[PDB]
Each structure stands twice: as structure tokens, then as C-alpha cells.
Amino acid sequence: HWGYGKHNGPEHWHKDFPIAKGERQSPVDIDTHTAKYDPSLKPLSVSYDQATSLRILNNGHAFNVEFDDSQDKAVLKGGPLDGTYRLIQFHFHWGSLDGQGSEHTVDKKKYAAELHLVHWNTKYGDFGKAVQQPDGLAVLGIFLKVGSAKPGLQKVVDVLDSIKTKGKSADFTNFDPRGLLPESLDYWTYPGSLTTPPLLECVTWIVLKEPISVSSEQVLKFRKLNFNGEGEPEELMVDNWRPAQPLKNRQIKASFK
Ligand SMILES: Cc1cc(=S)c(O)co1
Ligand SMILES: [Zn+2]
Numbered sequence: 004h005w006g007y008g009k010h011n012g013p014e015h016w017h018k019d020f021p022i023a024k025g026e027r028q029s030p031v032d033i034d035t036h037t038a039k040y041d042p043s044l045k046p047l048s049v050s051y052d053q054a055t056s057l058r059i060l061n062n063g064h065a066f067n068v069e070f071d072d073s074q075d076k077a078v079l080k081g082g083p084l085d086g087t088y089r090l091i092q093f094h095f096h097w098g099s100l101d102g103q104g105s106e107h108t109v110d111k112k113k114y115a116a117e118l119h120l121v122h123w124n125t127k128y129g130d131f132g133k134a135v136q137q138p139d140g141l142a143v144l145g146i147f148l149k150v151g152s153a154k155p156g157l158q159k160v161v162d163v164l165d166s167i168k169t170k171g172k173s174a175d176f177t178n179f180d181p182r183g184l185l186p187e188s189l190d191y192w193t194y195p196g197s198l199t200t201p202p203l204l205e206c207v208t209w210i211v212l213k214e215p216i217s218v219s220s221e222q223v224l225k226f227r228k229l230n231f232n233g234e235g236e237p238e239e240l241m242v243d244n245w246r247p248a249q250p251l252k253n254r255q256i257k258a259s260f261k
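Mapping of the sequence shown onto PDB author numbering: residues 4 to 125, 127 to 261, in sequence order.
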């Protein structure tokens, strides 16, 4: 089945998911010189005060921190979006080394990891129906650079020992995702896709310009997770990123000058 290795990695996905070679795939390189400022964009509105985290799950390709999305508790709106998108989960993609790990790049620069906060458009009723639509999702992407620790990340780092292998989950209530955000909400935006199979083209990407700093020890702990299940040979969960894909007939817009 799909993964990130030589025999089942990004270069193979198109055989089971032909949309891998579609017209709006993600991630992409963000060429900051060619991203035009769009003064009709709005400030983003990130309303996470009432976020209800539930659980953390190692799904065999990342760990997802999941939220109660059965009411408008943690929502994204404004910016490029029409209407209201509800937070369902966040996750990261990261490298085996601090020089790689992000999916988006910025003038070909790779960051050590990238956080994705995944939201679905409430006009579609739930996540499953939203992923059948070209405006079903909004993903807020945030780059991680290695430097000072990110205090708000530490409760995620400290539970990873309990979900080392594929299929393990742990209670993860009362986590506040506001502690993962940088100071500025300046962003780039473009239409794209999920970056994992099934690679569906549902996503308004909103990628923050300001990275967050995380400590080398924090990202080291991500790299101790396993892609395999318990009792299977150990394969460290590293390099779970898809490389930049062709921009095709797309323009990336900037919310800032
Ligand atoms: C739904 C979903 C979204 C992203 S961004 C991902 O990597 C996996 O699954
Ligand atoms: Zn992702």
C-alpha cells in the first residue's frame, strides 16, 4: 500500500491515485517574487478559543491530533474563504534531518517540518461530503524551523511515546492549538490538494509566511515514531513529505506586501 519508501513513495502514488498528476496538486514551491499581493484578500480569522481536542492517533504515516467537529468550536474563516470551515485534525510532516521535511517550499527553501491544520467547509455537513467538493477543505500550513523550543508543542511531544506504532491512539483532551501559531497571520494562498493519497483536489491552501521555531529535541522526538505496527520491524517515521508538484495553471496570492 502507499507510503514514503522507495517502492511505495510519491513517485508511485499515481498508479493507484491518478489525480497525483492532476491540475491542482500540492504541495508547491512558493516563489515569493511571483506571488502577487492581493488587496481584496481578508485577514484570516482563526477562532480556536472553544477548540475541543479529543485524541492523538498514529495512522502509520503521521500522528493526527483530532478535534470534536460536531459543532462550530474551532473555525477558520475570512482570508480567501467564503463561509466557515471547522477544524477536524492537525498533523505534521517532517524530515530525517533538519534541512528537509516541509512539503511546501519558499523560494526552494525546505523547512524542518510543516504543520497542517485541516478544516472542512460546514456547508457540506461533514468531512466525508466536503472531500467530494472542490472547495471542501481549507488547510492552514505553518512551517517549523529548528531553534528555540515551542512551549505549546511540548504536550504533543510528550505523548508520542504512547503512540509509537501504527494504530496506537491516546486520549488527548484539553490541548489548545493556539499555542502552535506564529505571531503574524500574513499568508500565501492557492488552490490545491491533499498531499497524501487520495490526493483529492479539495483544498484552499493558506500557508503562513512566519515559521514557528521548535527545538532540535522536539523534532528529534517526532523522528522516534514508527511507520510500522507493534511487533513488525521498526521503520522510523521520518521523511513523510511529498515534494513540490508542478504549479500548472495556478497563481499564488499574498495577503501582505
Ligand atoms: C486530510 C489530510 C490532509 C492532509 S494535509 C494530509 O497530509 C493528510 O490527510
Ligand atoms: Zn498534511
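Note that the Cβ used here is the ideal one computed from N, Cα and C, for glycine as well.
**OP:** Assess, as a yes-or-no matter, whether the stretch 161-174 is touched by the stretch 220-235 under the definition of 3 or more beta carbon pairs within less than 8 Å.
**Re:** Yes, the stretch 220-235 is in contact with the stretch 161-174.
Original post:
When DSSP labels each residue in this structure, what does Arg182 get in the three-state scheme?
Top reply: For this step, residue 182 is matched to residue 178 along the sequence shown. Note: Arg182 maps to helix in three-state DSSP.
**OP:** Inspect the CB distances between the stretch 204-223 and the stretch 128-145 and report whether three or more fall short of 8 Å.
**Re:** With contact defined as three or more Cβ pairs closer than 8 Å, the stretch 204-223 and the stretch 128-145 are in contact.
Original post:
Which of helix, strand or coil does DSSP assign to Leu164?
Top reply: As a working note, residue 164 is residue 160 in the sequence shown. Annotated three-state conformation of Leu164 is helix, per DSSP.
Original post:
Which stretch, first to last residue, makes up the alpha helix (DSSP H) that contains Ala134?
Top reply: One-based indexing of the sequence shown puts residue 134 at position 130. Residues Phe131 to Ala134.
Original post:
Got a sec: does ligand 2 put a non-hydrogen atom nearer than 7 Å to the Cβ of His107?
Top reply: In the sequence shown, counting from the first residue as 1, residue 107 sits at position 104. Checking the Cβ of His107 against ligand 2 gives no.
Original post:
Sorry if obvious, but does the Cβ on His122 come closer than 7 Å to a heavy atom of ligand 1?
Top reply: Indexing the sequence shown from 1 puts residue 122 at position 119. No, Cβ of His122 sits at least 7 Å from all heavy atoms of ligand 1.
Original post:
Which whole-angstrom value describes the C-beta separation of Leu184 and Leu118, a residue pair presumed to lie in contact below a C-beta threshold of 8 Å?
Top reply: Position 180 of the sequence shown, counted from the first residue, corresponds to residue 184. Position 115 of the sequence shown, counted from the first residue, corresponds to residue 118. A Cβ-Cβ separation of about 6 Å places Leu184 in contact with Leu118 under the 8 Å criterion.
Original post:
Relative to ligand 1, is the shortest distance from any of its heavy atoms to the C-beta of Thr199 smaller than 7 Å?
Top reply: In the sequence shown, counting from the first residue as 1, residue 199 sits at position 195. For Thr199, the shortest C-beta to heavy atom distance toward ligand 1 is below 7 Å.
Subject >> Straight-line gap, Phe260 to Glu234 (C-alpha atoms, nearest Å) >> reply: Within the sequence shown, the letter at position 256 stands for residue 260. Within the sequence shown, the letter at position 230 stands for residue 234. Cα to Cα, the separation comes out at about 47 Å.
Original post:
Are the stretch 243-258 and the stretch 171-186 touching by the rule of at least three beta carbon pairs closer than 8 Å?
Top reply: With the cut-off at 8 Å, the stretch 243-258 and the stretch 171-186 do not touch.
Original post:
Any heavy atom of ligand 2 closer than 7 Å to the CB of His96?
Top reply: Within the sequence shown, residue 96 is the residue found at index 93, counting from 1. Yes; taking the cut-off as 7 Å, the Cβ of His96 has a heavy atom of ligand 2 nearer than that.
**OP:** Please check the pair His107 and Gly82, which I expect to be a contact at CB under 8 Å, by giving their CB distance rounded to whole angstroms.
**Re:** In the sequence shown, counting from the first residue as 1, residue 107 sits at position 104. In the sequence shown, counting from the first residue as 1, residue 82 sits at position 79. Contact check for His107 and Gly82: beta-carbon distance about 16 Å, past the 8 Å limit, so the pair fails to qualify.
Original post:
Straight-line CA distance for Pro30 to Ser197?
Top reply: Sequence index remark: in the sequence shown, residue 30 carries index 27 (1-based). Sequence index remark: in the sequence shown, residue 197 carries index 193 (1-based). For the pair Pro30 and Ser197, the Cα-to-Cα distance works out to about 8 Å.
Subject >> Distance cut-off 7 Å: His36 Cβ against heavy atoms of ligand 1 >> reply: The residue given as residue 36 occupies position 33 in the sequence shown. Within 7 Å of the C-beta of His36 there is not a single heavy atom belonging to ligand 1.
Subject >> Beta-carbon proximity check, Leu57 vs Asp75, cutoff 8 Å >> reply: Your numbering for residue 57 matches position 54 in the sequence shown. Your numbering for residue 75 matches position 72 in the sequence shown. In this structure, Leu57 lies away from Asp75, with their beta-carbon atoms at least 8 Å apart.
Original post:
Taking 7 Å as the line, does the beta carbon of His119 fall inside it for any heavy atom of ligand 1?
Top reply: Here the question's residue 119 lines up with position 116 in the sequence shown. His119 Cβ: within cutoff of ligand 1.
**OP:** List the residues that DSSP assigns as beta-bridge partners of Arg246.
**Re:** Here the question's residue 246 lines up with position 242 in the sequence shown. Its beta-bridge partners do not exist; DSSP assigns none.
Subject >> Residues of its chain near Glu238, where Cβ-Cβ distance is below 7 Å and the 5 sequence neighbours each way are ignored >> reply: Mapped onto the sequence shown, residue 238 falls at position 234. Excluding positions up to five away in sequence, the list reads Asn230 and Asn232.
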